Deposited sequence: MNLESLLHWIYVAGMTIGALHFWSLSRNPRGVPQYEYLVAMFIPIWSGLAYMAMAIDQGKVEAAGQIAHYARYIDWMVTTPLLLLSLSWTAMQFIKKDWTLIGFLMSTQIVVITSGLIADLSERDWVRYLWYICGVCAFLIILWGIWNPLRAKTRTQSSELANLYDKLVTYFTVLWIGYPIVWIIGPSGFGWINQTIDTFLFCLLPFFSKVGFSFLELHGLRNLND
C-alpha cells in the first residue's frame, strides 16, 4: 500500500462514518423530511465508492465520476435548504444542477486535452459555469429565504458561505497541481483532493442536517 492508496482508504473510512451518522440522524428525523436525509447519505456513499475504486488500483479518473453526481446533489441539498418552508422551485434547482455538471465536464475535457491552450480554455469554461453557480446561490437562491424566517435565512447564509469557500478550493487545487501549473506533485494534490471533499461532503451535510434539526427544535 502506497501513500495515495492510504489517503484514499482514510477518505473511504471518512465517508463511511459520515453516511452512517446521516443514516442515524434519519431514524430520529426531528422534522427534517426523508429526501434531505437520503441525498445527504447518498453523496458520501457515491464518493466513498469512487474513492475505493482508486484505492484498489488520466490519473484519478474516478474523481470526476464522483463529482459528476455528488456536486449537483450537493446543490440540490443547498437548494432544498434555501426553500425549506416554501414551494420548491424545480426549474431553478434544475438550472443549478445542470450548470454544475458543465463545470465538471469542462474540467474533465480540460484534463483530457493534449494542447495547453485548449486545456486552459476548457478550464476557463469550467470557471465561467462555476461563477454562474456562485451568482445563482448568492442571488436568486438566496432571495428565496427572504420570504421565510430570519432563523432559516441565517442558517442559509452560514451554509452558502461554507459551501462557497470549499467550492472555490477545487479550481485552485486543480490548477496548482499536475493538471495545471504543476506547483505541487500528484501525492500532495491527492491529499488536498481528499481533505477538501471530506469537508464538502460530510462537513456541509453535517451543518445542513444539524442546522435544520435545531431550527425545527
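- Against the full deposited sequence, the model leaves out just one stretch, namely 58-66.
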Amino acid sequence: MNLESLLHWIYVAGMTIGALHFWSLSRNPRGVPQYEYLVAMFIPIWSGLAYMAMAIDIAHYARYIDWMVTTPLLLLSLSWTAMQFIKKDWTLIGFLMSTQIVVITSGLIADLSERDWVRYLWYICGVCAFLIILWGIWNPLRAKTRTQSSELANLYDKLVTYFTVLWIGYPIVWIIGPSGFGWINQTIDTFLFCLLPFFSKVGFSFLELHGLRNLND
From here on, numbers count along this sequence of modelled residues.
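- Averaged over CA atoms, B-factors in the entry run higher in 87-95 than in the other of 87-95 and 70-78.
- Taking the mean C-alpha B-factor of each stretch as recorded, 157-165 and 144-152 are not equal, and the higher mean is that of 144-152.
- Sort the modelled residues of the chain by CA B factor and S26 lands in the middle third.
- In the deposited entry, the Cα temperature factor of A62 places it in the middle third of its chain's modelled residues.
- In the PDB entry, a CA B factor belonging to the middle third of its chain's modelled residues is recorded for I17.
- Per the deposited record, the Cα B-factor of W122 falls in the lowest third when ranked against the other modelled residues of its chain.
- Among the modelled residues of the chain, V32 sits in the middle third by CA temperature factor in this PDB entry.
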